[PDB]
Each structure stands twice: as C-alpha cells, then as structure tokens.
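Note that ligands are numbered from 1 as they come in the structure, with each ligand's atoms numbered from 1 the same way. Quick note: numbers below take in every heavy atom, side chains included, and nothing from hydrogens, waters or symmetry partners. For this chain, numbers begin at 1 and follow the sequence in order.
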Amino acid sequence: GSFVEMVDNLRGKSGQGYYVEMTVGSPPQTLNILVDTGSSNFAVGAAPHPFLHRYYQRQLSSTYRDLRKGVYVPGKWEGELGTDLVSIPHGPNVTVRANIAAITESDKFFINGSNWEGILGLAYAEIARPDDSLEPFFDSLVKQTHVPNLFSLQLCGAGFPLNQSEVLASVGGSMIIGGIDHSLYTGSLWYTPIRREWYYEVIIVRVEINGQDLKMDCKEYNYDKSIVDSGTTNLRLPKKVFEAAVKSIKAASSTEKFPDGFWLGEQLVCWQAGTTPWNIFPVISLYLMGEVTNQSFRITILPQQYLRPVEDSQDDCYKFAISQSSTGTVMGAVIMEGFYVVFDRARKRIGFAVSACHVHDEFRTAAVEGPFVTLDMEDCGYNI
Ligand SMILES: COc1nc(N2C[C@H]3C(=O)N(C)C(=N)N[C@@]3(c3ccc(C#N)s3)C2)nc(C)c1F
C-alpha cells in the first residue's frame with residue numbers, strides 16, 4: 001500500500017552504495033548502513049578508522065552480548081561476533097535482537113567519503129559468515145516481530161553528479177521493510193522466481209540490444225549464476241556475454257568513437273553541458289523467467305542507467321557502468337536504478353516495475369513488459 005514512514009529513507013549513489021540510518025545498542029548508537037542484497041552479515045565499524053567519523057562502541061551498550069567468536073572475511077575485514085538491540089528509525093516501529101559483527105580490522109573496506117559505517121547484508125543464511133548458523137538480520141526481524149517476510153528497494157540515481165553537500169542533503173531512494181509502496185513505481189509489477197535462496201539468484205532467458213537478440217545459448221547469461229545485488233555498482237556480465245554485448249553496444253553507437261579505456265569502465269567520456277547524445281546509445285533488455293510455465297517478461301534500461309554520471313568544467317561526464325565478471329551476471333545499482341525491486345522472500349520471487357525515480361529523456365523510458373512465450377527456460381540455469 002503506502003509506507004510513508006519508510007519512503008525516502010535512503011541516501012547515497014550507485015558508485016559508493018545506498019545506505020539507511022540504523023541504531024545499535026542501549027542507549028541507541030546511530031550509524032549509516034549500506035543496504036546490501038549481495039551479502040548476509042550485519043557488520044559495523046567497531047574501532048577507529050581514518051575513513052569513519054563514528055563507530056559502534058560495545059562498552060557503551062548495556063544490551064551488548066559477546067558471542068566470544070571471531071569472523072574473518074577475505075576488500076577484507078575481521079571482526080568479533082556479538083548481539084545487540086537494533087532499530088531502523090525510518091523503518092518498521094520495532095526493535096530486534098540481532099547478530100552484529102563488530103569490525104576491528106579492515107583492508108580497503110571503508111571508502112573515504114561514502115558516509116556509511118557498516119553493511120546490512122540482506123541475502124540468505126547460506127552465504128553468512130563464518131557459516132549459515134549466524135542468523136542474518138532480516139531472518140531475526142521476521143522471527144521476532146509481525147513484519148511480513150518481504151522488503152522492496154527503490155534506488156534513485158540523480159542522473160548528474162552530486163557534490164559532498166548535495167549527496168548528504170539528497171534523497172537516494174527507499175527501502176520499504178515488510179511491504180510494497182505503490183507510489184514508488186508505475187505500471188505493473190512482474191515477478192521472476194528466486195532460483196535458490198543464497199544470493200538473490202535469478203534466471204535470464206534472453207538479452208537484446210536495441211531489440212537485436214544477442215543470440216547466445218541462454219546458459220551463457222547465467223554462467224555461473226545471475227544475482228540481484230544492491231551492493232554492486234555496475235551491470236556485470238560473464239566474460240563471453242560482456243564481449244558480445246560490448247560489440248553490439250559499440251555497433252549501435254558507432255556514429256561516435258570512444259576510446260578503449262571508456263569501454264573498460266576506466267575512463268570517463270565528456271560532452272558539452274546538456275549535449276549528451278543519449279539517442280545514439282541503445283536500450284538493453286534482459287528477459288527473465290516468469291512465474292507461469294513457458295512465460296517470460298523483460299526489463300529494459302536506457303543509457304541513462306548504464307552511463308554513470310561522474311564529475312570531470314561544465315561538461316556532462318560519465319563512466320560506462322557495464323563490466324566483465326568471472327562470477328556470473330550481477331544486476332547492480334545500474335539495473336536497480338531503473339526499477340522498483342520487490343524481494344518477496346515469502347513467495348520466493350523478485351518483482352520488477354518501472355521506477356518512479358528512474359532517469360530518462362522525452363523520447364524513451366525504462367520498461368517492464370510481458371508476457372512472452374519462452375520455452376525450456378530451466379535449461380538457461382547453470383549447474384556445477
Ligand atoms: C557484510 O558482510 C559481508 N560483506 C560482504 N560483501 C562483499 C562485498 C562485495 O564485493 N559486494 C559486491 C557486495 N555486494 N557487498 C560487499 C561490499 C563492500 C563494499 C560495498 C560498497 N559500496 S558492497 C560486502 N561479503 C560477505 C561474505 C560478508 F560477510
């Protein structure tokens with residue numbers, strides 16, 4: 001329905017991630033926490049670090065409980081396991097006793113200027129560290145309260161660079177805990193099954209670039225998995241898929257030549273203020289397995305999603321936010337910024353709808369459309 005207390009509770013951007021305010025301990029200690037559907041631990045800075053202006057002080061919490069167990073995660077971090085009372089101020093009006101990994105040592109984990117001091121891993125126990133016995137936050141929340149087993153994310157890319165002050169004052173999106181807010185999307189929600197409960201794994205059955213079929217065996221698109229990950233910036237594709245997609249994107253945009261560094265996601269490209277030639281770049285459609293047998297639907301993104309705005313001048317500059325992976329497809333903030341994404345854990349499915357905050361132009365919009373008749377979709381899934 002309508003969850004006004006949780007609408008607009010995120011801040012951040014695709015490159016540095018999107019975070020929500022949380023409190024830990026008694027009296028409550030406020031921290032900014034990255035929303036991560038790609039991991040399953042709740043881990044917070046718990047010791048001074050040059051890039052942290054605050055951290056969890058266990059000695060100041062009367063409700064802190066020491067689990068007397070370490071956790072080593074190779075970026076990399078090490079911590080100490082414990083439990084405490086946790087709340088989300090712009091969230092459900094509940095307080096949960098949850099596991100917390102108190103980060104004592106780290107390497108390239110905390111980013112200078114991100115404004116977040118910890119991570120909220122929202123995926124399943126299978127990938128929790130040190131093992132699946134460490135109950136993830138969302139599992140605790142559902143078990144201890146009447147909050148429905150579902151959350152939804154609207155990640156909002158600004159479409160232009162935000163400076164330090166603007167990124168702190170800007171609304172970066174919404175995390176709706178326990179429901180679906182109809183103001184965050186347009187049109188219909190289309191659902192794809194969660195293939196397996198570890199990462200939020202899905203199956204891609206067809207890929208198009210400006211309506212042209214990439215025409216690869218669909219198992220290639222999910223080699224070795226395809227996941228939805230708010231913690232990843234880019235749309236990441238398996239090596240062979242990335243090579244075929246970049247060749248097609250280059251061919252579609254061939255009226256302008258870009259250096260190799262641009263296509264590698266390393267180098268920015270700039271245009272005179274307001275002259276970005278969006279129309280030369282193609283739309284990209286990913287077809288996902290539907291809930292009905294032999295049915296699929298598609299999600300279509302624009303270059304306003306896969307060209308990430310970066311500051312250089314008064315030029316409008318971007319980095320190509322599609323990159324290669326050796327660990328399967330990752331539908332990162334590139335994809336998620338185009339859509340309102342419903343993580344329906346209760347019904348083992350992920351919903352997509354056009355986001356009310358996606359960046360577009362007067363000629364094209366992102367889309368979620370269906371149904372399409374698609375055969376042997378189970379063959380698109382990779383095994384071993
Ligand atoms: C919170 O505890 C854990 N965190 C992570 N990750 C892996 C990273 C990563 O490479 N990606 C892609 C991701 N989705 N999440 C991590 C991030 C680190 C900085 C981000 C930003 N910005 S996101 C955090 N993995 C495990 C196994 C954990 F136990």
Side-chain angles (χ1 to χ4, degrees), residues 10-20 22 24 31-46 49 51-52 55-56 67 69-75 77-82 86 98-107 109-140 153 155 157 167 172-173 175 198-202 224-237 265 308 319 321 323-337 341 343:
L10 305 183
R11 287 191 288 160
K13 49 204 198 179
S14 57
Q16 294 185 296
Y18 288 87
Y19 60 88
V20 69
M22 298 182 75
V24 297
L31 298 169
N32 283 330
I33 302 299
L34 179 80
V35 170
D36 189 15
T37 67
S39 70
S40 301
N41 282 69
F42 176 40
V44 305
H49 187 278
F51 305 162
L52 296 174
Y55 60 91
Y56 175 40
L67 283 168
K69 193 179 182 174
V71 58
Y72 177 65
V73 178
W77 63 263
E78 292 159 52
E80 295 171 359
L81 297 172
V86 182
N99 291 310
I100 306 178
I103 300 165
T104 52
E105 281 170 28
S106 61
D107 178 14
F109 179 81
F110 296 118
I111 319 153
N112 194 198
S114 70
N115 206 42
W116 52 260
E117 296 108 12
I119 299 190
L120 181 60
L122 292 166
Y124 301 95
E126 182 172 319
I127 60 163
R129 300 303 187 90
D131 57 62
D132 65 8
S133 71
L134 195 75
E135 187 173 79
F137 175 81
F138 207 85
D139 293 68
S140 299
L153 292 176
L155 305 185
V167 73
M175 174 171 62
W198 59 319
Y199 292 96
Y200 284 101
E201 189 185 1
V202 299
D224 60 348
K225 60 184 175 294
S226 288
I227 72 171
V228 184
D229 184 8
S230 58
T232 289
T233 298
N234 289 358
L235 165 58
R236 307 183 67 225
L237 300 167
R308 182 171 68 80
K319 277 192 188 166
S323 57
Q324 192 180 312
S325 173
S326 65
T327 63
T329 293
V330 184
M331 295 171 53
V334 158
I335 286 285
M336 299 189 66
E337 278 175 6
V341 185
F343 293 81

Under 3.5 Å, is there a donor on one side chain and an acceptor on the other for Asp36 and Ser230? no
I'd like to know if the side chain of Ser39 pairs up with that of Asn41 as donor and acceptor (distance under 3.5 Å, no hydrogens or angles considered). no
Using a strict cut-off of 4.0 Å, indicate which atoms of ligand 1 neighbour a heavy atom of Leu34. 20 (C), 21 (C), 23 (S)
Going by atom types only, do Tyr72 and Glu105 share a side-chain donor-acceptor pair under 3.5 Å? no
Does even one non-hydrogen atom of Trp77 get within less than 4.0 Å of ligand 1? yes
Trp116 versus ligand 1: do any nitrogen or oxygen atoms come within less than 3.5 Å of each other? no
Please could you name the atoms of ligand 1 that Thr232 approaches to less than 4.0 Å, counting only its heavy atoms? 12 (C)
Part of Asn41 with heavy atoms under 4.0 Å of ligand 1, whether side chain, backbone, both or neither: both
Less than 4.5 Å apart, any side-chain heavy atom of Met336 and any of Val334? no
The criterion is side chain to side chain contact (heavy atoms under 4.5 Å, CB included); which residues satisfy it with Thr232, sequence neighbours excluded? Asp229, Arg236, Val330
Numbered in order shown, the ligand 1 atoms found under 4.0 Å of a heavy atom of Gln16 are 22 (N)
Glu80: which residues meet the side chain to side chain contact (heavy atoms under 4.5 Å, CB included) condition with it, sequence neighbours left out? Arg58, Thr104
Atoms of ligand 1 less than 4.0 Å from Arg129 heavy atoms? 27 (C), 29 (F)
Is the distance from the ring center of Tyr124 to that of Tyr199 below 6.0 Å? no
Judged on heavy-atom distance to atom 6 (N) of ligand 1, which of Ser40, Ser39, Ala101 sits nearest? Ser39
Under 4.0 Å from one or more heavy atoms of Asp229, ligand 1 contributes atoms 12 (C), 13 (C), 14 (N)
